[PDB]
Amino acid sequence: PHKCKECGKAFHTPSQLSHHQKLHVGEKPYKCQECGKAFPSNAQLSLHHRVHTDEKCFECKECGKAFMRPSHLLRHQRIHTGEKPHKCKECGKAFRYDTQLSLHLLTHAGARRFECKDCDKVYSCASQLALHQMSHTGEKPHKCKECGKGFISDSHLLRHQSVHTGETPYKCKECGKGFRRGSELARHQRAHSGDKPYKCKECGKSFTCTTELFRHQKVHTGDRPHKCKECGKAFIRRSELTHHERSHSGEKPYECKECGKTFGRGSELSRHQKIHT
């Protein structure tokens, strides 16, 4: 009769609790083959796995990840402790990492600024500025051995290989459906429970999703690009303008086999194909 270490949802029989934690297990698909510890990404698993292969590492006993010098471990552990030992001498704002404090200092006089020459961004050091400047140059050095498309980092390349693998590693334990990212499995689990944390300030409707709410609010804020170059009609989706520009040309891409009838959009040829069902 505890609260879960993940959600905090108060399940109040000892067996109604362990029945509850069964539902979380698909969230962490990468399992260590020597202790069984599970992680949400292969990269995190490698940080833990060092403990079975490198004698010279320092392991976090709270999550199982290990590092190659004690100071790396002490710095990681502030994720668990909440300690923020880097405080701004000018304004007293405390941060967890020196890297964060270095960027905050840009908001006071006399920090060394590393300013970009194509936008107004400024960074705290040379390496960050070179990183950002790649967005201007378009450079994308890690190329999909398959797609041929470029990405700014190897993690991005790997992430994009879902496209070339269809693998769906994160499992709902209610439905059995898998997902490519824990974030999407997360949203799916909120769909089950109706947990809709993203409430619209104008209508009041709530959404499971950050993306779903943002699209919905595009009606109060009349934010509509892709205007018609022929009749000026302005739309919300890039796919609206494809539907309506097919009304000018009179094009009817989707037609029924049975009916022989023709529609400008597919959501009807699915709707009408339901007559013969």
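Note that residue numbering follows the sequence shown and begins at 1.
As recorded in the PDB entry, 247-255 is the stretch of 247-255 and 41-49 with the greater mean C-alpha temperature factor. Per-stretch averaging of Cα B factors for 265-273 and 17-25 places 265-273 on top. For the set 31, 233, 215, 56, the PDB entry assigns the largest Cα B-factor to 233. Taking the PDB entry at face value, the top CA B factor among 154, 90, 195, 202 belongs to 202.
In the deposited entry, the Cα temperature factor of residue 64 sits in the bottom third of values across the chain's modelled residues. Sort the chain's modelled residues by C-alpha temperature factor and residue 146 lands in the highest third, per the entry.
Per-chain ranking of the deposited C-alpha B factor places residue 222 in the highest third.
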